[PDB]
Asker: 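Quick one: this structure, given as structure tokens, is what I'll be asking you about.
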Amino acid sequence: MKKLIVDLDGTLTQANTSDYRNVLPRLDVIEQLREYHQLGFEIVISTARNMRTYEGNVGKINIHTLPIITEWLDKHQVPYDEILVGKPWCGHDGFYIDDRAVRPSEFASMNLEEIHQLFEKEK
Amino acid sequence: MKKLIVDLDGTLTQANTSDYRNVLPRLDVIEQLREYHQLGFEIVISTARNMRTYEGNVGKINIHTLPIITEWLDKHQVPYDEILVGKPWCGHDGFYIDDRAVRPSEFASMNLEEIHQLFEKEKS
Amino acid sequence: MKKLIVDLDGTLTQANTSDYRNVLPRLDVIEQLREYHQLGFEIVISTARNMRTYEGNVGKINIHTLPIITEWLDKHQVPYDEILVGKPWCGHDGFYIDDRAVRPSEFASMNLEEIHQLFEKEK
Amino acid sequence: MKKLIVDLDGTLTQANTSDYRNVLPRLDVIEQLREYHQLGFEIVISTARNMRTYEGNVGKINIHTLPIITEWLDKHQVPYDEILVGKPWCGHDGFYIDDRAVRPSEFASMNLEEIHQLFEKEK
Ligand SMILES: [Hg+2]
Ligand SMILES: [Hg+2]
Ligand SMILES: [Hg+2]
Ligand SMILES: [Hg+2]
């Protein structure tokens, strides 16, 4: 069992507009997801989207946010096995620290061998 | 409002042993957490620990896992404002993809300006 | 701030069929919900639907369960401010124990004073 | 598989003081939990405790709330297999509506048979 846990905004999107319905896709990143799906990886979209607007209220995110996510994922033929909302929002200046984390430009640029290598170096 | 969201196993720990009580600290990473706390950043420990063992049951994780995490964090003087369990487990071969993610070796060796640069280069 | 936390199956529905899209509404209970909404109560639909099927995987409930919940709620004109999925599944013989809990027939048949009296007895 | 989903304050406790560490147990309710535990019922303590104080922030509840819940459950010899926090807070006048819900003094006074009877009247 192997999953990719994939952020939505800025990772699968170009984050060019506040209108989530019409945000531009990052095509190279999405195409890489497809190749990983072919390799047996499950794809989990995990996102903090609208955690700021609703002050962490998942009950509201489930109503106003989820529909537009799925609609957008479908329109751009992004493969996904799961969607998860309510991810902790780091804030404007915040960020995530993780030994198994890659940035979307590294994911698009590297094969599995050399992603494995990035991680082994940490260990 | 600014937060670091920090993984536990492999980021704050050297992952040298299955005994979580007695696992060795990554001292350079923790020391960097202290400097960021000084800058006004809130520290959130977020972990998938025991998601495999309990098959996703946070009801059990709350009982068996949380006490040992806090005890360990306290023992090693790790600053934290929040703990969050129930992070999605990626499996042995899985990983996270995120435009705001840094690995613990990058976090330990770069300043804020430098981290900011990694991210800005992602936007074009 | 005052909230009704409302179960879905067997409370807002008659639980007459496993086909959630076409399941019959409990009209009296829904209408009482309309009154409480007018009185300033936030309405939170909380449900364990498809927890059994997906074995607690909300990643999948978000994809396959949520759309049908909202479509149904919308067509039967149920007031709601929040939907919450991922509620613990009690199993067939299991149940819920809460000092502030009413069953749908009690809610349908009593007024606010009466319900408060039901709880004041508990104290 | 069969589960009791049990609320904490006012159900397992007498809710006589805001000092959770020294709050009185409802001995009859706890003793009934033990009998259900003997019959093969899993016991899930589920609670909104400290959701008001921390404004829904589970990251804080895990730190300041869980240890005290656990020490108290252990002290009063309460059987449990799971603790769930972060349950939605109904507010002062709010309440829960569920077709499988019993109040803690219905649980205390009835046996399994009549509790099932209590539910088949709703069905
Ligand atoms: Hg951020
Ligand atoms: Hg992994
Ligand atoms: Hg049940
Ligand atoms: Hg309440």
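Numbered from 1 within each chain, the chains take letters A, B, ... in sequence-line order. Values below: all heavy atoms of this structure, side chains included; hydrogens, waters and symmetry mates excluded.
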Asker: Indicate yes or no: does D:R26 engage D:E31 in a salt bridge with an N to O separation below 4.0 Å.
Answerer: no

Asker: With under 30° as parallel and over 60° as perpendicular, where do the rings of D:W72 and D:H76 fit, or are they tilted in between?
Answerer: tilted

Asker: The criterion is ring-ring contact (aromatic ring centres under 6.0 Å, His included); which residues satisfy it with D:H64, sequence neighbours excluded?
Answerer: D:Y54

Asker: So does C:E55 have more than 12 non-hydrogen atoms from other groups sitting under 6.0 Å from CD?
Answerer: no

Asker: Going by the angle between their ring planes, with limits at 30° and 60°, are C:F107 and C:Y36 parallel, tilted or perpendicular?
Answerer: tilted

Asker: So, the side chain of C:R34 versus the backbone of C:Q77: is there a donor-acceptor pair under 3.5 Å, distance only?
Answerer: yes

Asker: Validate the cation-pi geometry between B:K87 and B:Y96: distance from NZ or CZ to the six-membered ring centre under 6.0 Å, angle to the ring axis within 45°.
Answerer: yes

Asker: Please collect all side-chain hydrogen bond (donor to acceptor under 3.5 Å, both in side chains) contacts where either partner lies in residues 3-17 of chain C, sequence neighbours excluded, each pair once.
Answerer: C:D9-C:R49

Asker: My understanding is that only one of C:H116, C:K123, C:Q117 makes a side-chain hydrogen bond (donor to acceptor under 3.5 Å, both in side chains) with C:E120; could you say which?
Answerer: C:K123

Asker: Will you find, in the side chains of C:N62 and A:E82, an N or O donor that is under 3.5 Å from an N or O acceptor?
Answerer: no

Asker: My understanding is that only residues two or more places apart in sequence, or in another chain, count here; which of them pass side chain to side chain contact (heavy atoms under 4.5 Å, CB included) with D:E35?
Answerer: D:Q32

Asker: Could you tell me whether the side chain of C:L12 reaches within less than 4.5 Å of the side chain of C:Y80, counting heavy atoms only?
Answerer: no

Asker: Treating D:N50 as the side-chain partner and D:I61 as the backbone partner, does any N or O pair qualify as donor plus acceptor under 3.5 Å?
Answerer: no

Asker: Quick check against the 3.5 Å criterion: does B:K2 have a side-chain atom that pairs as donor or acceptor with the backbone of B:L39?
Answerer: yes

Asker: Considering only heavy atoms from C-beta outward, does the side chain of D:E106 approach that of D:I115 to under 4.5 Å?
Answerer: no

Asker: Contact between B:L66 and B:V85 at the side-chain level, heavy atoms closer than 4.5 Å - yes or no?
Answerer: yes

